[PDB]
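Undergrad: Okay, here's the structure, questions in a sec.
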Amino acid sequence: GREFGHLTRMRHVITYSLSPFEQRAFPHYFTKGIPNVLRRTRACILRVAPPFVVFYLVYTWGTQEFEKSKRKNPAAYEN
Amino acid sequence: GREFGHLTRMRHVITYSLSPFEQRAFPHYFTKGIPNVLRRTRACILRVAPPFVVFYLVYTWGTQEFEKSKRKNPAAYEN
Amino acid sequence: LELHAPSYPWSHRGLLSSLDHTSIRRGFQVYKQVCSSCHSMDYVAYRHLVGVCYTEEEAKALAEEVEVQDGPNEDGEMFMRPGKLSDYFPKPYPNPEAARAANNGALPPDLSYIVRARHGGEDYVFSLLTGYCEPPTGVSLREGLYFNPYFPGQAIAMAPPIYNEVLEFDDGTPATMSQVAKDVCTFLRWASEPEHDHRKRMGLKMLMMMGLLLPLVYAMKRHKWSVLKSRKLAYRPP
Amino acid sequence: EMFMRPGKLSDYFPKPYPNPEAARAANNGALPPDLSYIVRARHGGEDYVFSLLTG
Amino acid sequence: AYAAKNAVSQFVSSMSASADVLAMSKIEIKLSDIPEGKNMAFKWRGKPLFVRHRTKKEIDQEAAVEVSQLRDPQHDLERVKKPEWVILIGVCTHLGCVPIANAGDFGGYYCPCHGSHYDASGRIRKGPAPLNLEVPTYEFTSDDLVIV
Amino acid sequence: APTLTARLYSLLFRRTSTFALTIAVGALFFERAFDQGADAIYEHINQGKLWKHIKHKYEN
Amino acid sequence: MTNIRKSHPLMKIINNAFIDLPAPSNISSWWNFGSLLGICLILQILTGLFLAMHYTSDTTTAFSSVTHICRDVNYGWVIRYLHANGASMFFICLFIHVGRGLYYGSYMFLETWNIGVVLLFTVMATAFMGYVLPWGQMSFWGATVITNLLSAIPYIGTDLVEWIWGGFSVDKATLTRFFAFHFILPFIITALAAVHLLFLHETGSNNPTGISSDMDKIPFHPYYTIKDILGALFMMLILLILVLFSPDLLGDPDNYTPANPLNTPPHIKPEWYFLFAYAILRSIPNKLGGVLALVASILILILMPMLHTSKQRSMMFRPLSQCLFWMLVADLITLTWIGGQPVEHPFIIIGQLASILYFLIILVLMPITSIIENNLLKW
Amino acid sequence: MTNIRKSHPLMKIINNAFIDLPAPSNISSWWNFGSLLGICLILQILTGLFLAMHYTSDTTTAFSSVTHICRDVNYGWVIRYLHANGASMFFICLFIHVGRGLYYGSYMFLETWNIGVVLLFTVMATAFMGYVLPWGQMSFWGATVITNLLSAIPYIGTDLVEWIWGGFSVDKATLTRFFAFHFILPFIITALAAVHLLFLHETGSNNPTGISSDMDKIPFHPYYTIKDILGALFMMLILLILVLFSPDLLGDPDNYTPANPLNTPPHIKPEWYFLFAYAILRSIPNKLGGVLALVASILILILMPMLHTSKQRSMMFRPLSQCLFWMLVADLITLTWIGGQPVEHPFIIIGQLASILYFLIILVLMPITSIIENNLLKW
Amino acid sequence: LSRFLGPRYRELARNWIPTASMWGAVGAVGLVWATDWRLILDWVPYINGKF
Ligand code: HEC
Ligand code: HEM
Ligand code: HEM
Ligand code: HEM
Ligand code: HEM
Ligand code: FES
């Protein structure tokens with residue numbers, strides 16, 4: 001079936017690599033990760049957050065409305 | 001690997017068959033089956049039965065010997 | 001409408017905090033001297049006190065202090081025995097119908113899992129025991145009912161069980177209502193979770209081990225993946 | 001409080017003794033075996049039971 | 001390796017004896033409930049335990065047993081602590097059947113599975129049993145109480 | 001002047017059998033030391049609350 | 001000579017499945033959960049087995065046996081709460097896996113997706129019966145309500161319900177049935193998972209880009225074995241946090257009282273991983289309509305591959321589809337929260353709107369938005 | 001286009017396993033039992049499962065639950081006796097299968113034979129643990145004896161046997177552990193049987209002649225599916241005869257009394273399919289020697305392939321080897337009979353001689369006879 | 001197994017005896033550590049401080 005011998009036809013692509021023992025496992029981990037993490041967060045925040053913000057607003061409103069509904073209504077005891 | 005088409009090499013062997021709807025399912029079932037059964041029984045009776053016959057003899061002796069052992073011994077109660 | 005119990009600063013609410021076994025001993029004294037008359041703890045035996053708040057000889061003395069019905073003798077009729085640490089805490093009543101008859105149709109719940117069976121746990125139990133109050137204007141309680149704002153429905157059939165000097169602690173601690181309530185709630189928390197201290201210790205050990213391992217396995221993964229993450233690929237068409 | 005009632009189909013056949021110790025005490029230390037599976041729990045079954053009763 | 005050992009050890013330990021089973025490891029027997037010349041059987045460690053209030057005549061006959069003429073050389077005085085009380089595990093040494101008290105030719109125990117005969121001291125006297133009934137470790141807390 | 005890690009590799013980590021023996025011995029000693037240290041930390045946090053801290057007042 | 005790993009039959013299967021399997025190099029951490037699921041399954045068996053060595057499925061001894069496990073058995077509490085919280089972790093990973101499949105268009109593997117839907121149903125049934133097993137108040141009454149749902153089926157509902165119950169209501173017969181079924185089902189789940197991996201390996205795994213990755217494939221072993229080990233370590237960290245610091249966080253206290261057929265608990269709700277479906281069930285006033293909506297809530301995954309109208313597979317390049325997906329996730333969270341909450345004034349209307357929005361997003365909004373994106377990309 | 005049967009993955013597996021598998025055209029009825037075993041296994045899984053819907057594994061409710069199955073459950077007696085006699089049918093078929101493997105030299109398939117030996121061990125353990133579930137006199141005391149056997153292991157014997165017991169002897173802990181293990185093991189048996197078929201299909205199947213039959217291979221489906229259906233029908237006839245006319249023929253009556261730890265039954269013996277091993281166990285006066293002989297009596301199947309000194313594979317053309325094989329079969333029957341019988345004057349010596357003869361035939365007489373046969377044919 | 005009786009095989013055994021001994025030591029240490037044998041662990045200086 002699908003085996004490394006025959007998956008696709010590729011030509012004129014050169015890949016240079018390094019031994020794991022010749023390179024650092026965490027090269028520029030913070031100084032490059034933090035800007036990259038910020039970039040990814042900026043890209044994805046406008047797509048992910050708004051639905052959860054709406055959910056939180058709905059949750060707070062529903063909890064407040066339920067708590068108000070459980071509260072006593074003075075107008076029922078005017079007489 | 002193991003499929004019809006490359007299992008073995010066979011040459012110059014002609015096989016003739018018949019449709020199952022053109023032949024009888026029980027052709028000479030008793031006229032030839034009964035003599036054949038007797039032939040097969042005769043060829044094997046002297047290789048299968050003798051060991052089991054020995055078991056029957058041992059089984060009978062063991063059962064009898066166990067019975068005799070439990071029987072009262074008059075000499076033990078003499079005097 | 002219902003009232004939710006406050007979050008009291010229990011000494012075991014810490015992330016790695018254990019129980020006060022002195023409080024457990026005092027709470028057991030409270031249990032055997034106050035609520036044992038009507039409440040039961042079926043799933044707690046005297047042998048469970050050996051490594052918690054009483055030594056083995058003290059646990060044996062506690063067990064021998066209460067008679068327990070034993071199996072049929074030679075004549076075939078049940079008898080009574082001084083009791084042993086293999087026995088469980090005695091049932092105040094034989095069957096729940098007897099308990100209901102003796103408590104105006106209300107069944108005193110079993111206290112073995114009470115802190116684990118009620119929302120709020122020991123907080124709810126402590127607020128209930130010390131929360132008995134005179135019913136507000138407009139509340140009409142049936143006969144044999146008492147107003148406790150924390151009990152659902154605010155009409156509980158349990159008369160206030162604890163008060164000042166309800167029992168005299170062996171430890172000598174002043175027997176204020178709050179002290180008795182705190183000690184009995186700590187004991188009930190122990191009863192619900194007899195593995196509390198061991199669970200906390202194992203949690204500390206596993207936190208240390210995970211803090212040791214996760215960076216190490218992460219470093220192993222980075223070491224293996226460095227080949228691909230540094231891989232430079234070039235395209236050289238003719 | 002426990003009590004006695006006339007009995008119904010749902011009930012099983014009444015036990016003669018409250019516990020096996022009482023049965024042993026009433027039968028010279030011998031427990032009278034349950035007869036629900038006595039034919040199926042004895043080598044010989046109904047043959048053994050019949051011979052035992054009549055012999 | 002540390003984490004795996006802890007996990008596997010906990011899982012294995014869950015299969016060992018529980019807290020209650022260990023609680024029922026040793027039992028208490030009230031000697032006052034055993035009349036003279038009566039071998040009472042108790043459920044101890046999941047097996048029958050025979051406690052016999054050996055009579056004076058039985059004590060004398062057991063003391064008169066020829067020690068050297070026994071398959072397993074044992075003395076009644078060294079077999080039991082109190083002469084009038086004999087405590088044994090009711091498991092025949094032959095295969096592991098339960099001996100029946102006062103059934104053998106020697107007035108002691110009789111394993112019917114094959115026919116082993118024991119005396120009132122548990123010493124093997126006749127039959128195929130290779131050894132004597134095991135005597136568990138016990139002590140008399142009081143005059144009429146014993147812990148095994 | 002080989003470094004500490006070079007010495008470790010040359011002596012123990014180079015051969016897989018010695019690697020595994022080092023791992024096993026380290027597992028034994030690490031289990032002992034880690035259990036002791038974690039127990040010390042836990043008992044210090046809950047000092048005066050555990051039974052082992054109050055058992056003396058009731059032992060005989 | 002030959003290589004045993006490549007020639008031996010069992011070694012051939014194992015090598016082609018987990019060692020030399022060509023795997024895409026860009027698959028993110030969201031691809032770990034699959035393996036995580038397997039781990040959970042294995043755990044849920046091992047732990048489960050060591051619970052069956054002490055549990056007795058009798059109404060007079062089930063609760064007492066559970067208390068014996070959590071009170072007397074050596075490290076019995078560890079095993080019990082590992083099981084209880086591992087079920088929740090299993091459903092967390094299941095939900096995340098289905099979300100990954102929806103987001104990156106993994107449902108285009110039709111046979112794999114269908115076997116996954118079957119696995120989801122089987123796991124839900126197993127968890128339901130396992131939760132019924134302890135025979136607490138919550139177990140008994142949740143079983144009562146969920147099984148009584150089947151009575152809404154027309155003309156066979158009563159007979160089917162009484163056949164499953166083994167009587168006139170939930171009783172000892174039902175408890176023993178559920179114990180046997182709960183014991184046996186996870187092995188059927190393992191067989192279905194084997195078939196699932198068989199179907200997946202027929203075409204390989206997808207990737208975040210949604211583009212065929214045959215030009216960039218790596219051996220599964222050296223990279224993804226260690227990556228999945230790290231993922232399993234993180235999952236084990238979360239599970240052990242839940243089992244050693246908040247063992248009762250995801251449970252309900254009312255399940256620590258022995259089952260009382262004559263007294264309902266103050267609130268009757270199922271475990272959290274069912275709440276969303278429960279919420280949908282409560283949106284429809286009609287019983288049969290509610291049951292049909294509950295079934296369709298899970299059967300919509302079957303329709304998901306056919307609803308795909310975009311020219312691109314993954315949502316990585318479809319921002320509007322991403323917004324719809326996150327709206328759907330927030331909607332599912334809303335349904336879970338409401339299923340937790342009682343049936344009162346705001347919760348009823350919010351739940352009805354949430355169910356309507358769930359079905360609308362999955363059925364209507366997503367295909368239309370994909371078509372709009374296709375028109376925006378000029379194809 | 002293609003053929004779905006030969007293309008679809010699951011269909012590919014099934015077609016290559018049971019539809020288009022090349023099979024020898026001359027395999028006799030002795031090759032049916034294999035399939036029969038599978039049938040039996042499935043039956044034991046189904047029937048047993050329906051027993052698990054009413055059986056509770058508590059000593060206070062085990063025997064009562066079994067009687068409830070036999071008296072109150074609708075057709076419960078049918079299922080119970082189907083299970084009880086289907087275990088016996090399983091062991092009949094297993095013994096016939098092993099005999100077929102020995103006679104026709106099928107052990108030359110080393111991997112298949114070893115997986116079969118593991119299957120035999122697993123099935124024996126499953127049946128032994130299952131027989132304890134009724135918690136009768138025979139169940140309790142046979143469990144006691146067989147487990148006490150483990151105490152003969154030096155050093156760790158006592159700790160091991162107490163760990164397996166869950167206490168100090170066979171008690172509720174042991175009963176529940178055995179119920180759990182008995183439930184889980186048959187699924188492991190199914191997995192091992194699948195691996196067994198995987199190994200077998202690697203080299204095809206042997207034939208009575210013992211000669212490679214690649215020239216005369218026939219499709220498996222049209223011929224051996226109907227032949228195996230007929231064999232299963234005959235096996236079902238025999239099993240239903242047992243269930244409906246002599247349900248208690250193969251079971252000792254003493255198991256119908258509730259377990260009495262304080263009193264042994266008149267005779268203690270395991271089920272018949274263990275008696276032969278039991279016999280060997282009693283041949284050696286030494287406890288450890290007896291246990292080792294018992295283990296060797298089944299581990300000798302591992303040695304079987306390495307003792308094959310004949311130039312011909314099957315005993316079909318080896319009359320002296322046939323005589324030795326039938327002596328071995330008669331010796332096994334003698335061992336079963338002696339294991340049934342008590343330990344007295346004639347039975348001890350006959351059992352010792354039978355055990356010596358069994359080991360001598362398998363280890364000494366058979367290879368020497370094969371060498372003599374090779375000499376007589378001038379090989 | 002006479003095929004494996006030759007000088008080359010004796011050389012092979014000489015070569016692999018140190019590795020086999022090291023693996024046996026690994027197995028022994030692992031068994032002792034896992035079982036907490038305490039028959040051997042009593043001799044180990046720091047470990048015997050436990051129990
Ligand atoms: C006067 C007899 C009595 C005493 C003494 C007693 N209880 Fe109770 N208890 C009851 C009864 C009756 C109820 C249930 C009343 C009801 O449900 O209306 C109850 C209920 C409770 C509840 C709440 C159950 C629930 O459903 O909310 C708790 C907690 C409790 N008991 C614990 C204790 C503790 C702790 C003590 C010792 C301070 C104690 N009890 C002493 C009779 C008693
Ligand atoms: C995907 C697999 C499984 C899932 C999702 C699952 C789920 C659950 C859940 C949620 C519970 C409730 C526990 C509680 O609330 O206390 C439970 C209980 C139980 N399960 Fe399962 N389970 C699985 C596999 C198994 C297996 C394989 C077994 C046995 C071989 C098993 C045996 C038990 C037992 C005995 C209980 C009752 C013990 C207890 O509640 O503590 N489970 N299961
Ligand atoms: C017990 C339940 C399950 C198990 C054990 C399981 C196991 C796995 C594993 C190991 C993988 C490979 C790892 C990966 O690609 O992430 C995988 C992939 C996949 N699973 Fe599951 N899974 C389960 C449930 C599901 C469910 C509920 C669905 C869908 C509703 C599903 C659909 C898929 C798909 C489509 C893939 C391929 C993903 C891709 O290639 O992008 N599975 N599964
Ligand atoms: C190769 C597979 C199996 C074998 C050989 C086997 C064998 C046995 C045997 C000999 C008994 C004793 C019956 C008696 O003495 O009356 C038994 C009982 C039992 N088995 Fe099975 N069994 C198998 C599979 C299963 C499975 C898969 C289950 C559950 C899913 C199961 C559940 C039970 C139960 C609950 C009992 C006790 C009920 C009774 O004794 O009537 N068994 N089994
Ligand atoms: C649950 C247990 C077992 C099952 C389900 C099982 C199943 C099967 C099946 C379906 C076959 C193919 C049909 C046939 O060749 O008759 C087979 C063949 C075979 N089995 Fe088993 N078997 C089991 C136990 C054993 C045992 C105990 C042994 C040996 C000690 C064994 C050794 C073999 C061998 C050597 C073959 C190939 C024989 C030939 O092709 O001529 N199996 N088995
Ligand atoms: S088993 Fe006791 S004498 Fe034979």
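Ordering of the structure tokens sets the chain letters (A, B, ...); residue numbers start at 1 within each chain; ligands are numbered from 1 in the order shown.
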Compile the contact shell of residue 49 of chain I as a PyMOL selection string: residues with an atom at most 12 Å away, counting only C-alpha atoms, same-chain residues fewer than 3 positions apart removed.
TA: (chain F and resi 29+32-33+36) or (chain I and resi 38+41-46)
Undergrad: For chain C, which residues have at least one atom within 7 Å of chain D, if we go by only C-alpha atoms? Write them as a PyMOL selection string, please.
TA: chain C and resi 72+74-76
Undergrad: Which residues are near ligand 5 - at most 7 Å, using only C-alpha atoms and all ligand atoms? Format: as a short mmCIF file (atom, residue, chain, number, x, y, z; two decimals) with N, CA, C and O atoms, in the first residue's frame.
TA:
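What ended up in selection_11.cif:
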data_model
loop_
_atom_site.label_atom_id
_atom_site.label_comp_id
_atom_site.auth_asym_id
_atom_site.auth_seq_id
_atom_site.Cartn_x
_atom_site.Cartn_y
_atom_site.Cartn_z
N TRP H 30 -11.40 -34.05 10.71
CA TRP H 30 -10.59 -33.61 11.83
C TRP H 30 -10.19 -32.15 11.72
O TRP H 30 -9.77 -31.56 12.71
N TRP H 31 -10.29 -31.57 10.53
CA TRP H 31 -10.03 -30.15 10.34
C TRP H 31 -11.25 -29.28 10.60
O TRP H 31 -11.15 -28.06 10.53
N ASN H 32 -12.40 -29.89 10.89
CA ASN H 32 -13.57 -29.10 11.26
C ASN H 32 -13.42 -28.49 12.65
O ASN H 32 -13.83 -27.35 12.88
N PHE H 33 -12.82 -29.24 13.57
CA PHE H 33 -12.85 -28.88 14.99
C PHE H 33 -12.30 -27.48 15.23
O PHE H 33 -12.79 -26.77 16.11
N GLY H 34 -11.29 -27.08 14.47
CA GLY H 34 -10.78 -25.73 14.54
C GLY H 34 -11.90 -24.72 14.50
O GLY H 34 -12.11 -23.97 15.46
N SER H 35 -12.66 -24.72 13.40
CA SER H 35 -13.82 -23.84 13.30
C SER H 35 -14.77 -24.09 14.46
O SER H 35 -15.27 -23.13 15.07
N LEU H 37 -14.08 -24.95 17.43
CA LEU H 37 -13.54 -24.23 18.58
C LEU H 37 -14.01 -22.78 18.55
O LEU H 37 -14.62 -22.30 19.52
N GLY H 38 -13.81 -22.11 17.42
CA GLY H 38 -14.29 -20.74 17.30
C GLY H 38 -15.76 -20.64 17.62
O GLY H 38 -16.17 -19.83 18.46
N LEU H 41 -16.22 -20.93 21.23
CA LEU H 41 -15.80 -19.69 21.87
C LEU H 41 -16.91 -18.65 21.78
O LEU H 41 -17.35 -18.12 22.80
N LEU H 94 -11.05 -29.12 21.88
CA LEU H 94 -9.65 -28.74 22.07
C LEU H 94 -8.75 -29.97 22.10
O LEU H 94 -7.68 -29.99 21.48
N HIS H 97 -8.49 -31.39 18.70
CA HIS H 97 -7.66 -30.52 17.87
C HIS H 97 -6.18 -30.75 18.14
O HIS H 97 -5.37 -30.83 17.21
N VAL H 98 -5.81 -30.85 19.42
CA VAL H 98 -4.41 -31.11 19.76
C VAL H 98 -3.99 -32.50 19.27
O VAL H 98 -2.87 -32.68 18.78
N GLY H 101 -3.33 -32.21 15.64
CA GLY H 101 -2.04 -31.57 15.41
C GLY H 101 -0.88 -32.52 15.63
O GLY H 101 0.09 -32.52 14.87
N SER H 106 1.04 -31.30 12.43
CA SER H 106 0.71 -29.89 12.27
C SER H 106 1.54 -28.99 13.17
O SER H 106 1.50 -27.77 13.00
N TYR H 107 2.30 -29.55 14.11
CA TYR H 107 3.14 -28.74 14.98
C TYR H 107 4.36 -28.19 14.27
O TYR H 107 5.08 -27.38 14.86
N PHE H 109 4.26 -26.06 12.11
CA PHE H 109 3.95 -24.63 12.11
C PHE H 109 4.27 -24.12 13.51
O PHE H 109 3.41 -24.10 14.39
N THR H 112 2.17 -21.06 14.88
CA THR H 112 0.79 -21.47 15.07
C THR H 112 0.66 -22.42 16.25
O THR H 112 -0.25 -22.28 17.07
N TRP H 113 1.57 -23.39 16.35
CA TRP H 113 1.52 -24.35 17.45
C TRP H 113 1.74 -23.68 18.80
O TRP H 113 1.06 -24.00 19.78
N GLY H 116 -1.24 -21.81 19.75
CA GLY H 116 -2.23 -22.77 20.20
C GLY H 116 -2.00 -23.23 21.63
O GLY H 116 -2.94 -23.40 22.40
N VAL H 117 -0.74 -23.44 22.00
CA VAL H 117 -0.43 -23.84 23.37
C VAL H 117 -0.83 -22.74 24.35
O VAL H 117 -1.40 -23.01 25.41
N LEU H 119 -3.16 -20.58 23.83
CA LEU H 119 -4.62 -20.63 23.85
C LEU H 119 -5.12 -21.72 24.78
O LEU H 119 -6.11 -21.53 25.50
N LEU H 120 -4.48 -22.88 24.75
CA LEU H 120 -4.89 -23.98 25.62
C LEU H 120 -4.73 -23.60 27.09
O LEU H 120 -5.63 -23.84 27.90
N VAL H 123 -7.51 -21.02 27.95
CA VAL H 123 -8.84 -21.61 28.05
C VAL H 123 -8.96 -22.46 29.30
O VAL H 123 -10.01 -22.46 29.96
N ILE H 189 -8.74 -14.50 24.59
CA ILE H 189 -8.74 -15.73 23.80
C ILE H 189 -9.10 -15.45 22.35
O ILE H 189 -8.51 -16.01 21.43
N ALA H 193 -6.78 -16.04 19.19
CA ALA H 193 -7.25 -16.88 18.09
C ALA H 193 -7.13 -16.15 16.75
O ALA H 193 -6.83 -16.77 15.73
N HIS H 196 -3.65 -16.39 15.94
CA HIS H 196 -3.42 -17.78 15.56
C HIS H 196 -3.77 -18.02 14.10
O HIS H 196 -3.01 -18.64 13.35
N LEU H 197 -4.94 -17.53 13.67
CA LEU H 197 -5.32 -17.65 12.27
C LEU H 197 -4.39 -16.85 11.37
O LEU H 197 -4.08 -17.27 10.26
N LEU H 200 -1.44 -18.98 10.93
CA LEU H 200 -1.74 -20.16 10.14
C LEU H 200 -1.82 -19.83 8.65
O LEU H 200 -1.24 -20.53 7.82
N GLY H 204 -0.68 -21.54 4.90
CA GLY H 204 -1.76 -22.42 4.54
C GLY H 204 -1.99 -23.47 5.61
O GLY H 204 -1.49 -23.38 6.73
N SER H 205 -2.77 -24.47 5.25
CA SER H 205 -3.15 -25.53 6.16
C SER H 205 -2.55 -26.86 5.72
O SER H 205 -2.30 -27.08 4.54
N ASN H 206 -2.29 -27.72 6.70
CA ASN H 206 -1.79 -29.05 6.42
C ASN H 206 -2.93 -29.96 5.98
O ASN H 206 -4.11 -29.63 6.10
N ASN H 207 -2.57 -31.13 5.47
CA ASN H 207 -3.52 -32.11 4.96
C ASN H 207 -3.18 -33.48 5.54
O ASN H 207 -2.06 -33.70 6.01
N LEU H 301 3.87 -29.92 24.79
CA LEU H 301 3.45 -29.56 23.44
C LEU H 301 4.43 -28.59 22.80
O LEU H 301 4.59 -28.59 21.57
#
Undergrad: Set the distance at 12 Å and use only C-alpha atoms: which residues neighbour segment 17-21 of chain I once local chain neighbours fewer than 6 positions away are removed? I'd like the list as JSON, numbers by chain.
TA: {"F": [15, 16, 17, 18, 19, 20, 21], "I": [9, 10, 11, 27, 28]}
Undergrad: How about saving the chosen residues, N, CA and C atoms kept, as a compact mmCIF listing (two decimals), in the first residue's frame?
TA:
# COMPACT_ATOMS: atom_id res chain seq x y z
N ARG F 15 27.83 2.28 26.20
CA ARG F 15 27.30 0.94 26.02
C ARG F 15 25.91 0.85 26.63
N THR F 16 24.97 0.28 25.87
CA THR F 16 23.57 0.29 26.29
C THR F 16 23.34 -0.54 27.55
N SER F 17 24.09 -1.63 27.73
CA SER F 17 23.94 -2.42 28.95
C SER F 17 24.36 -1.62 30.18
N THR F 18 25.51 -0.95 30.10
CA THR F 18 25.93 -0.08 31.20
C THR F 18 24.98 1.09 31.37
N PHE F 19 24.43 1.60 30.26
CA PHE F 19 23.41 2.63 30.32
C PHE F 19 22.21 2.17 31.15
N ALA F 20 21.74 0.95 30.89
CA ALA F 20 20.59 0.42 31.61
C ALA F 20 20.92 0.14 33.07
N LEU F 21 22.14 -0.35 33.35
CA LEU F 21 22.52 -0.57 34.74
C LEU F 21 22.58 0.74 35.51
N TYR I 9 32.21 -19.66 17.17
CA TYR I 9 31.14 -19.50 18.14
C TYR I 9 31.68 -19.31 19.55
N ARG I 10 32.78 -19.98 19.88
CA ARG I 10 33.41 -19.73 21.17
C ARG I 10 33.94 -18.30 21.25
N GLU I 11 34.49 -17.79 20.15
CA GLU I 11 34.89 -16.39 20.11
C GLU I 11 33.69 -15.47 20.29
N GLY I 27 19.05 -6.90 35.13
CA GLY I 27 17.85 -7.63 35.51
C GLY I 27 17.78 -7.88 37.01
N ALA I 28 18.90 -8.26 37.62
CA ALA I 28 18.92 -8.51 39.05
C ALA I 28 18.62 -7.24 39.84
Undergrad: Compute the set of chain B residues within 10 Å of chain H, using only C-alpha atoms, and express it as a PyMOL selection string.
TA: chain B and resi 1-4+6-10+44+46-56+58-59+61-66+69
Undergrad: Kindly provide, as a list in words, the residues of chain D having any atom no farther than 6 Å from an atom of chain H, counting only C-alpha atoms.
TA: residues 40, 41 and 42 of chain D
Undergrad: What does the structure give for the distance between atom CA of residue 15 of chain E and atom CA of residue 54 of chain G, in Å to one decimal?
TA: 9.1 Å
Undergrad: In Å, how far is it from atom CA of residue 19 of chain C to atom CA of residue 243 of chain G?
TA: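 Pair atom CA of residue 19 of chain C / atom CA of residue 243 of chain G returns 18.3 Å.
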Undergrad: Neighbours of ligand 2 at 6 Å or closer, counting only C-alpha atoms and all ligand atoms: which residues, as a PyMOL selection string?
TA: chain G and resi 41+44-45+48-49+51-52+55+66+80+84+87+123+126-127+130-131+133-134+182-183+186
Undergrad: Show me which residues sit within 6 Å of ligand 6 when counting only C-alpha atoms and all ligand atoms, and put them as a PyMOL selection string.
TA: chain E and resi 92+94-97+111+113-116+128-129
Undergrad: Just how far from atom CA of residue 52 of chain E is atom CA of residue 109 of chain E, in Å to one decimal?
TA: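 Taking atom CA of residue 109 of chain E and atom CA of residue 52 of chain E, their separation equals 10.8 Å.
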Undergrad: Between G:286, G:209, G:65, G:264, which one has atoms that come closest to ligand 3, using only C-alpha atoms and all ligand atoms?
TA: G:209
Undergrad: Kindly provide, as a ChimeraX atom specification, all nucleotide and amino acid residues lying within 9 Å of ligand 1, counting only C-alpha atoms and all ligand atoms.
TA: /C:27,30-31,33-39,99-100,102-111,114-115,117-118,121-122,124-126,128-129,145-146,150-152,155-163,180-181,184-185,188
Undergrad: Which residues are near residue 246 of chain G? Cut-off 12 Å, only C-alpha atoms, ignore same chain within fewer than 2 positions. Put them as a list in words.
TA: residues 13, 14, 15, 16, 193, 196, 199, 200 and 203 of chain C; 81, 82, 84, 85, 238, 239, 240, 241, 242, 243, 244, 248, 249, 250 and 251 of chain G
Undergrad: With 12 Å as the limit and counting only C-alpha atoms, what residues in chain E lie close to chain C? Please list them as a short mmCIF file (atom, residue, chain, number, x, y, z; two decimals) with C-alpha atoms, in the first residue's frame.
TA:
data_model
loop_
_atom_site.label_atom_id
_atom_site.label_comp_id
_atom_site.auth_asym_id
_atom_site.auth_seq_id
_atom_site.Cartn_x
_atom_site.Cartn_y
_atom_site.Cartn_z
CA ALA E 1 10.85 4.03 36.19
CA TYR E 2 9.96 5.54 39.57
CA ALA E 3 6.47 6.52 38.40
CA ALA E 4 5.86 3.16 36.70
CA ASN E 6 4.64 3.26 41.96
CA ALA E 7 1.69 2.71 39.62
CA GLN E 10 -0.36 0.23 43.74
CA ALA E 19 -8.20 -3.76 55.29
CA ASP E 20 -11.15 -5.80 56.58
CA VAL E 21 -9.58 -9.15 55.66
CA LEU E 22 -6.45 -8.19 57.60
CA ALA E 23 -8.73 -7.02 60.41
CA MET E 24 -10.12 -10.57 60.56
CA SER E 25 -6.64 -12.14 60.64
CA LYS E 26 -6.75 -13.23 64.30
CA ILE E 27 -9.91 -13.99 66.26
CA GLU E 28 -10.99 -14.22 69.89
CA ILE E 29 -12.45 -17.43 71.34
CA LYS E 30 -14.22 -17.48 74.71
CA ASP E 33 -18.49 -21.34 75.68
CA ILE E 34 -16.84 -24.72 74.98
CA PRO E 35 -18.09 -27.48 77.32
CA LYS E 38 -16.37 -30.85 72.85
CA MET E 40 -15.78 -26.57 68.47
CA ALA E 41 -15.10 -25.48 64.89
CA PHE E 42 -14.60 -21.79 64.11
#
